[PDB]
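Visitor: Submitted below is the structure of interest, expressed as structure tokens.
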Amino acid sequence: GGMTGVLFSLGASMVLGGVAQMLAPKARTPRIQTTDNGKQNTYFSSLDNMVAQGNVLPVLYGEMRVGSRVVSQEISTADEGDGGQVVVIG
Amino acid sequence: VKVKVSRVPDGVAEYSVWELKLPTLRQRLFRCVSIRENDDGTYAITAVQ
């Protein structure tokens with residue numbers, strides 16, 4: 001137990017994947033679909049309304065106009081009324 | 001050759017100080033540590049780029 005044989009140095013065994021990978025951990029590209037055609041969406045953009053069923057609530061960090069997750073949509077009859085008494089319908 | 005003269009040495013070196021000699025027009029080799037390994041034989045394994 002005094003000695004520690006089999007030092008087993010690791011050099012190119014970790015370089016073999018690439019050198020910038022051992023300084024920066026790289027990024028994950030999304031999966032490409034077919035019905036989506038060629039619109040390569042990323043993981044930090046959403047310009048359409050989503051559905052909030054058993055999903056997570058997204059967060060925003062700066063600028064970059066985004067869509068939303070619809071929680072309630074309803075149509076009723078538009079009653080006549082303003083912020084006052086002027087209610088002419090002639 | 002073996003002996004040398006330093007203009008102003010500091011009297012703190014005992015026996016085990018290590019001298020490093022730097023000339024001009026020499027590209028000194030820098031080196032950054034990433035992976036460090038321990039072992040019970042009391043030494044370290046450094047993997048660096």
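Reconstructed Cβ throughout: ideal geometry from the backbone, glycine too, with neighbour counts over all protein chains shown. Every number in this text was worked out from the coordinates using simple rules, so none of it is lab data.
Visitor: From the list A:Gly38, A:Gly17, which one is of a type in the set (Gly, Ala, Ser) and either touching a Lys or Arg at 6+ places or on another chain (Cβ under 8 Å) or surrounded by fewer than 10 Cβ atoms within 10 Å (Cβ to Cβ) (or both)?
Guide: Just a single option satisfies the conditions, and that option is A:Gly38.
Visitor: Okay, next question. If you scan region A:7-26, which residues turn out to be aliphatic (A, V, I, L, M) and either at positive phi or assigned to a helix (DSSP H, G or I) (or both)? Give the derivation first.
Guide: Keep residues of region A:7-26 that are aliphatic (A, V, I, L, M), which gives A:7, A:10, A:12, A:14-16, A:19-20, A:22-24.
Residues satisfying the conditions are A:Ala12, A:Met14, A:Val15, A:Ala20, A:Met22.
Visitor: Related question: Quick one: is A:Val71 hydrophobic (A, V, I, L, M, F, W, C) and surrounded by 10 or more Cβ atoms within 10 Å (Cβ to Cβ)?
Guide: Working: hydrophobic (A, V, I, L, M, F, W, C): yes; surrounded by 10 or more Cβ atoms within 10 Å (Cβ to Cβ): no.
Against the criterion (hydrophobic (A, V, I, L, M, F, W, C) and surrounded by 10 or more Cβ atoms within 10 Å (Cβ to Cβ)), A:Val71 does not qualify.
Visitor: Are any of the residues in region B:32-40 loosely packed, with under 10 Cβ neighbours inside 10 Å, within 14 Å of chain A (Cβ to nearest Cβ), of a type outside the set (A, V, I, L, M) and more than 18 Å from A:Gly11 (Cβ to Cβ)?
Guide: Yes, the conditions are met somewhere in region B:32-40.
Condition check ((1) within 14 Å of chain B (Cβ to nearest Cβ); (2) under 15 Å from the mean Cα position of the chain (by Cα); (3) in contact (Cβ under 8 Å) with a residue 40 or more places away in the chain; (4) under 30 Å from B:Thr46 (Cα atoms)) across all residues:
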{"position": "A:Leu10", "(1), (2), (3), (4)": "yes, no, no, yes"}
{"position": "A:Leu23", "(1), (2), (3), (4)": "yes, no, no, yes"}
{"position": "A:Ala52", "(1), (2), (3), (4)": "no, yes, no, no"}
{"position": "A:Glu63", "(1), (2), (3), (4)": "no, yes, no, no"}
{"position": "A:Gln85", "(1), (2), (3), (4)": "no, no, no, no"}
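Visitor: On to the next question. Condition check: farther than 30 Å from B:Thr42 by Cβ and among the hydroxyl-bearing types (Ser, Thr, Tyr). Does A:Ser46 satisfy that?
Guide: Yes; evaluated as a whole, the condition is true for this residue.
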